[PDB]
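Student: Numbering (PDB author numbering) for the sequence shown: 24 to 55, 64 to 135, 143 to 245, 253 to 642, 647 to 895, 900 to 908, 917 to 922, 930 to 933, 952 to 960, 968 to 989.
Positions of the beta carbon are idealized from the N, C-alpha and C atoms, including for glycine.
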Amino acid sequence: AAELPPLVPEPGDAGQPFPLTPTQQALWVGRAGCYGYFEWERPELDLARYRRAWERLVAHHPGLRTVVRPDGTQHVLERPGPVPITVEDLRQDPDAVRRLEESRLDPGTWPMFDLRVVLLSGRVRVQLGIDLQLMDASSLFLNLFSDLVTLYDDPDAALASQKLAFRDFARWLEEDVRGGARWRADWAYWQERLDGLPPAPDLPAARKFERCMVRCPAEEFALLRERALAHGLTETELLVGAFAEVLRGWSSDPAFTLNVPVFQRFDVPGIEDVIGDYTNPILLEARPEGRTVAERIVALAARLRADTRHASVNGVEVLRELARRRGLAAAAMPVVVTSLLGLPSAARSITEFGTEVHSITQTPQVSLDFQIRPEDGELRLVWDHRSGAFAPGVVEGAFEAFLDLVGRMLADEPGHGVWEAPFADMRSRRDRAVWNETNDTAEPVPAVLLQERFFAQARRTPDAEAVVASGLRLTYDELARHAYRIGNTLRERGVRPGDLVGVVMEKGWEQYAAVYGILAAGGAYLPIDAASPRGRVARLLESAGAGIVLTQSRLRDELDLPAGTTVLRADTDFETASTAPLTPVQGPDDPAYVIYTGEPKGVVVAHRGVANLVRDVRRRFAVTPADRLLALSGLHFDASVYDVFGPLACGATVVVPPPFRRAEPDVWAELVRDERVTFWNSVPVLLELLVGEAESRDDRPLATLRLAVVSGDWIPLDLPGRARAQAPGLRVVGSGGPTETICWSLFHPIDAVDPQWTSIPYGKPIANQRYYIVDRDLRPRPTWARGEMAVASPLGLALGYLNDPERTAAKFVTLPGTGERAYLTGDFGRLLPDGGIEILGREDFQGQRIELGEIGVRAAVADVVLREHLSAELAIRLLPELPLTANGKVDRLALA
Ligand SMILES: C[C@](N)(CO)C(=O)OP(=O)(O)OC[C@H]1O[C@@H](n2cnc3c(N)ncnc32)[C@H](O)[C@@H]1O
Ligand SMILES: [Cl-]
Ligand SMILES: [Cl-]
Ligand SMILES: [Cl-]
Ligand SMILES: [Cl-]
Ligand SMILES: [Cl-]
Ligand SMILES: [Cl-]
Numbered sequence: 024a025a026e027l028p029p030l031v032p033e034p035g036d037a038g039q040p041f042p043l044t045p046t047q048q049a050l051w052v053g054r055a064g065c066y067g068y069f070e071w072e073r074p075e076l077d078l079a080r081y082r083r084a085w086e087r088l089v090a091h092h093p094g095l096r097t098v099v100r101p102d103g104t105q106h107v108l109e110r111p112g113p114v115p116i117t118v119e120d121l122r123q124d125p126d127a128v129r130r131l132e133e134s135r143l144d145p146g147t148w149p150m151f152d153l154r155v156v157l158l159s160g161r162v163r164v165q166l167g168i169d170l171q172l173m174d175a176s177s178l179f180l181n182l183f184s185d186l187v188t189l190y191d192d193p194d195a196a197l198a199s200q201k202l203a204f205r206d207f208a209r210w211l212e213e214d215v216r217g218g219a220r221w222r223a224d225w226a227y228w229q230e231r232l233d234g235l236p237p238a239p240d241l242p243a244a245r253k254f255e256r257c258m259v260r261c262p263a264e265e266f267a268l269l270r271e272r273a274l275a276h277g278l279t280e281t282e283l284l285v286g287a288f289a290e291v292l293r294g295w296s297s298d299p300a301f302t303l304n305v306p307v308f309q310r311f312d313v314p315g316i317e318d319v320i321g322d323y324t325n326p327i328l329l330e331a332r333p334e335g336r337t338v339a340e341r342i343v344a345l346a347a348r349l350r351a352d353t354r355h356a357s358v359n360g361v362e363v364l365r366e367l368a369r370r371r372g373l374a375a376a377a378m379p380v381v382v383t384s385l386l387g388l389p390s391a392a393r394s395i396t397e398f399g400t401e402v403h404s405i406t407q408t409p410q411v412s413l414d415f416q417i418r419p420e421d422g423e424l425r426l427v428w429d430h431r432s433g434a435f436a437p438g439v440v441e442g443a444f445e446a447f448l449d450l451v452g453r454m455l456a457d458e459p460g461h462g463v464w465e466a467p468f469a470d471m472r473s474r475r476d477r478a479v480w481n482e483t484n485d486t487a488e489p490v491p492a493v494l495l496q497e498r499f500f501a502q503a504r505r506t507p508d509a510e511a512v513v514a515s516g517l518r519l520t521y522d523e524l525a526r527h528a529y530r531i532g533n534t535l536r537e538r539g540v541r542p543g544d545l546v547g548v549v550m551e552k553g554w555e556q557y558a559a560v561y562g563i564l565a566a567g568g569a570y571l572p573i574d575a576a577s578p579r580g581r582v583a584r585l586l587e588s589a590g591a592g593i594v595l596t597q598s599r600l601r602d603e604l605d606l607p608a609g610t611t612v613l614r615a616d617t618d619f620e621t622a623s624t625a626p627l628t629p630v631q632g633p634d635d636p637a638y639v640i641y642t647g648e649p650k651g652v653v654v655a656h657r658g659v660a661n662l663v664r665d666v667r668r669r670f671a672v673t674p675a676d677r678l679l680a681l682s683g684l685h686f687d688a689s690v691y692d693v694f695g696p697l698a699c700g701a702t703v704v705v706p707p708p709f710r711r712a713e714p715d716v717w718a719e720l721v722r723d724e725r726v727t728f729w730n731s732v733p734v735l736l737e738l739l740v741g742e743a744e745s746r747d748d749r750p751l752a753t754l755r756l757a758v759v760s761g762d763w764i765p766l767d768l769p770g771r772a773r774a775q776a777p778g779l780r781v782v783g784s785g786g787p788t789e790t791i792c793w794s795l796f797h798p799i800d801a802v803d804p805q806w807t808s809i810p811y812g813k814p815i816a817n818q819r820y821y822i823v824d825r826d827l828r829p830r831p832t833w834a835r836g837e838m839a840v841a842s843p844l845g846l847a848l849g850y851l852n853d854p855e856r857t858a859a860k861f862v863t864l865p866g867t868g869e870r871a872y873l874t875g876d877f878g879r880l881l882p883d884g885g886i887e888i889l890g891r892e893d894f895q900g901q902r903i904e905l906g907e908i917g918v919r920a921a922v930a931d932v933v952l953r954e955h956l957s958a959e960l968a969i970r971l972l973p974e975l976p977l978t979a980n981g982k983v984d985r986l987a988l989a
């Protein structure tokens, strides 16, 4: 070690100033609330006897007489006044319980505290206010309350000799001890860590103090200690370590720092009788070190003791140097564990004086304060948390978790049970009920093929308008026939079961026949865009191993393809064919399509899953054959798979639009007006453009819309209402999911946009899908907790990535929870308390921008669409229009 200078007690300079301690100084600058409070009920109080005791206390303890000179220093007083106790009298008052309800200071003015007595009929309520600057947690419980009990019992009773008054101790640490033997070798320890220190726990926010607590009885207190010992741990070390596990539950990162203050008086003779601020924040580093709870708790506990062996540097100095190194705001420690365990047994317990009825330490720059403190043989576990520091339920839920962790520790002999269990599930009972309830989406998908359902309908209603395309219409029978024509032809050219027939073409009726024939032939269509570069279209086909290519006659020659790949037009090269039905040869778990998306990978998608989506949307939004869908997404965009297999499988009418490149909302408002369209499906920016052009027209062109499904990007906050403007009765619905999740994998009826939402929600999960939110260990999190979205399903997930079975084996994992095969979407979100998911973006944590902007795009790893208004209500680069991507959406990569 390195011995510390002796304390030099000079009882003469008591009045003359001494400087503020570091803990206290940091408070005396935050004021420009902060004041603890207690309240004990007792049957009958003797104010006379009471008042004397409080005069004695003030007489005796110079700390109850110290004031803060406005110069920043503090001096004792000697003739302070008389103690101001304030009696309120509410005994014959009915609604005494009302006037008593309404309840709740300066170091320049003398009483740093606040005495009160309220006289209800038959019982009395002593109310002690007190200031967080005037003394500390241990001075309060071991000196102030211990003597207030003695002094109330006998105001004249014997009181200890006040050797070496606190002004020296402060003048000692500030001058004599700071700088020397131990302190130099301890400022090394922290300076050699302030770069490895993780930030404070990052819990969920929701963009006064409240209190959960429990009383561990004597019999359970003993066991709690025995359990901590069996691991070579002190109760405070077991509980810090449990509290550390519970926090990782919600924490937005597993490594964080806990302000764990020690109340060390440095073994000084007589000091354990002087009232003052012995507070030293230790910055404990919580990194998870260990495979089990014991292993991690034991490990962290060690780093706490090393952080303790080097205490003579006051944390307020570490906290200040941490702000030097980093930001200031990136250095607060608003999660603290305040343990009074292992201090000396105080003469008297405040419980003797009266039973508590209230108390709330209103610390400043503290959102959560876990207080471990013993009272009359019991351990009082207490969580004072600044209300609204945390999203709803987060703290109340973590307390449930914590109580259960501790619960198990008392239940589980060490080395068994929870102690050697790799993690603990922190999701509360509600967390789980609501998640199961919400994700009980299991429904048999009958093994009917996709084409065999459309055929089935064309024989059911053959006069029906199947496709309507470029004026040139198409009945179900005619489209069924031409598919057969195409189906049979291909199978004759040997399109064996499972082969991939590219459908390289531009928006036309010929696409609906090309797909439904490739399926009947026994294959699986590979859409590629007929607007990609001349070298890309052939590149995707060679990489996928696709021979036959169905195409339109126009721009057949504009297709530099090899000879080993046959090419048929589909508006002509097919008409002398057999309109006689093909017999399905493929199974329902075989591929219906391969849609393509740093290198580009291709998504194999089976029949069953598409079959599942289709017959849910239809049951979700009664899809009658009356409905007429404007099939606007491209066939190489995942968004199309409903337009292909949705309406036709039940009797409705696809309504192809005029091929486009730049979004042409003039034409669409027309085609929607003309063909009486009732079903809109596309990315939100296109259904916005369409609402733009529709609002600026005397007619009601979009008025036949009964249903609009925006998905695939950010559905803007105003958009559900601007559309719901035109055509009252339109029901809006937003969606999404990766192209690896078969078009739409979850739905959120947008009936009513909350103003204070950063984003529209994402959804509840559709049929046969489950949306988990997992930590980095693929474990479900509790509500509000930030995670990656793992979409679990046997029939709702893509089969895999076309050829590469590594990016498949990596992104389609087996969740350790349950065995469910699930897709790691690489999108981050958090569960909501109605069961929904909020979508936070994807690897965007360096993100709520349009949060500020709308109340205009986001930043980048800023762009709006006019003053120097940075932080307007808290590099901007305005732009006329924001740049769309290929399919719509908002091209965040092009922006920087
Ligand atoms: C499947 C689809 N939603 C269209 O229905 C889609 O976008 O296909 P994808 O873009 O090729 O698939 C991968 C990614 O899609 C992103 N995404 C879809 N919807 C989103 C919403 N509403 N908000 C944010 N991102 C969204 C995913 O993030 C996914 O990796
Ligand atoms: Cl009350
Ligand atoms: Cl040590
Ligand atoms: Cl050490
Ligand atoms: Cl709250
Ligand atoms: Cl609205
Ligand atoms: Cl895109």
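Tell me the rounded alpha-carbon separation between residue 906 and residue 229.
Tutor: Rounded to whole angstroms, residue 906 to residue 229 spans 40 Å at the Cα level.
Student: Quick check on DSSP: helix, strand or coil for residue 841?
Tutor: Residue 841: strand per DSSP, three-state reduction.
Student: Expressed to the nearest angstrom, what Euclidean distance is found between the alpha-carbon atoms of residue 738 and residue 410?
Tutor: Taking the straight line joining both Cα atoms gives about 47 Å.
Student: Classify residue 481 as buried or exposed, calling it buried when 16 or more other Cβ atoms lie within 10 Å of its own Cβ.
Tutor: Flag for residue 481 reads exposed.
Student: For residue 258, count the other beta carbons within 10 Å of its own beta carbon; 16 or more makes it buried, fewer makes it exposed. Which is it?
Tutor: Flag for residue 258 reads exposed.
Student: Skipping 5 residues on each side, what residues in its chain have a beta carbon closer than 7 Å to that of residue 361?
Tutor: Same-chain partners within the cutoff: 45, 46, 49 and 326.
Student: Assign residue 833 to one of three DSSP states: helix, strand, or coil.
Tutor: Three-state DSSP puts residue 833 in coil, outside helix and strand.
Student: Going by DSSP, what residues sit across from residue 416 in a beta bridge?
Tutor: Bridge partners of residue 416: 383 and 427.
Student: Residue 714 and residue 741: beta carbons closer than 8 Å?
Tutor: Contact flag set, yes.
Student: So what does residue 165 bridge to, in DSSP terms?
Tutor: Looking at the DSSP assignment, residue 165 forms a beta bridge with 70 and 154.
Student: Return helix, strand or coil for residue 798, following the three-state DSSP convention.
Tutor: Correct three-state label for residue 798: strand.
Student: Who pairs with residue 640 in a beta bridge, going by DSSP?
Tutor: Answer is 652.
Student: Enumerated in chain order, which unbroken segments of the beta strand (DSSP E) with a length of 3 residues or greater are wholly contained in the segment 326 to 360?
Tutor: Listed in chain order, they are 328 to 331.
Student: Go through its chain and collect everything with a Cβ distance to residue 288's Cβ below 7 Å, but skip five positions before and after it.
Tutor: Around residue 288: 382, 415 and 447.
Student: Can you say whether residue 895 is buried or exposed, counting buried as having 16 or more other CB atoms within 10 angstroms of its CB?
Tutor: By the 10 Å Cβ count, residue 895 comes out exposed.
Student: Measure the beta-carbon distance from residue 799 to residue 769 and round it to whole angstroms, keeping in mind my assumption that it falls under 8 Å.
Tutor: 4 Å between Cβ atoms; contact.
Student: Is residue 437 close to ligand 5? I mean its beta-carbon at under 7 Å from any heavy atom of the ligand.
Tutor: Correct: residue 437 has its Cβ closer than 7 Å to ligand 5.
Student: Does the pairing of the segment 414 to 429 with the segment 194 to 213 give three or more beta-carbon distances under 8 Å?
Tutor: Counting Cβ pairs under 8 Å, fewer than three are found: no touch.
Student: Note the first and the last residue of the continuous alpha helix (DSSP H) segment covering residue 585.
Tutor: Segment 581 to 589, the alpha helix (DSSP H) holding residue 585.
Student: Helix, strand or coil for residue 313, going by three-state DSSP, please let me know.
Tutor: Coil at residue 313, not helix or strand.
Student: Is the number of C-beta pairs between the segment 182 to 191 and the segment 82 to 96 that are closer than 8 Å three or more?
Tutor: Touching, per the Cβ criterion.
Student: For the segment 370 to 389 against the segment 197 to 206, do three or more pairs of beta-carbon atoms, one drawn from each stretch, fall closer than 8 Å, so that the two count as touching?
Tutor: Output reads no: the segment 197 to 206 does not touch the segment 370 to 389.
Student: Flag residue 156 as yes when its Cβ comes closer than 7 Å to any non-hydrogen atom of ligand 2, and as no otherwise.
Tutor: Not under cutoff, so the answer is no.
Student: Going straight from the alpha carbon of residue 614 to that of residue 507, what length do you get?
Tutor: The alpha-carbon atoms of residue 614 and residue 507 are separated by roughly 25 Å.
Student: Can you check DSSP and say which residues form a bridge with residue 550?
Tutor: DSSP output for residue 550 lists 574 as bridge partner(s).
Student: CB of residue 347 to nearest heavy atom of ligand 4: below 7 Å?
Tutor: Not under cutoff, so the answer is no.
Student: Throw me the rounded Cβ distance for the residue 771 and residue 781 pair, which I believe falls under 8 Å.
Tutor: The Cβ separation is near 10 Å, so there is no contact.
Student: Expressed to the nearest angstrom, what Euclidean distance is found between the alpha-carbon atoms of residue 982 and residue 759?
Tutor: The alpha-carbon atoms of residue 982 and residue 759 are separated by roughly 10 Å.
Student: Just how far apart, CA to CA, sit residue 979 and residue 854?
Tutor: Going from the Cα of residue 979 to the Cα of residue 854 covers about 28 Å.
Student: Who are the near neighbours of residue 600 in its chain, counting only those whose CB is closer than 7 Å to its CB and skipping five residues on each side?
Tutor: Once the five neighbours on either side are set aside, the close Cβ partners of residue 600 are 575.
Student: If residue 164 sits next to residue 51, beta carbons under 8 Å apart, how far is it from one beta carbon to the other, in whole angstroms?
Tutor: So it is not a contact: roughly 28 Å between Cβ atoms.
Student: For residue 460, does the count of other Cβ atoms within 10 angstroms reach 16, so buried, or fall short, so exposed?
Tutor: The residue in question, residue 460, is exposed, as its Cβ has fewer than 16 Cβ neighbours within 10 Å.
Student: In this structure, does DSSP put residue 604 in helix, strand or coil?
Tutor: Residue state, collapsed to three classes: coil.
Student: Skipping 5 residues on each side, what residues in its chain have a beta carbon closer than 7 Å to that of residue 499?
Tutor: These residues qualify, in order along the chain: 561, 697 and 698.
Student: Counting beta carbon pairs with one atom in the segment 175 to 188 and one in the segment 386 to 394, are three or more of them shorter than 8 Å?
Tutor: Flag = yes, the segment 386 to 394 and the segment 175 to 188 touch.
Student: CB of residue 978 to nearest heavy atom of ligand 7: below 7 Å?
Tutor: Residue 978: yes, Cβ under 7 Å from ligand 7.
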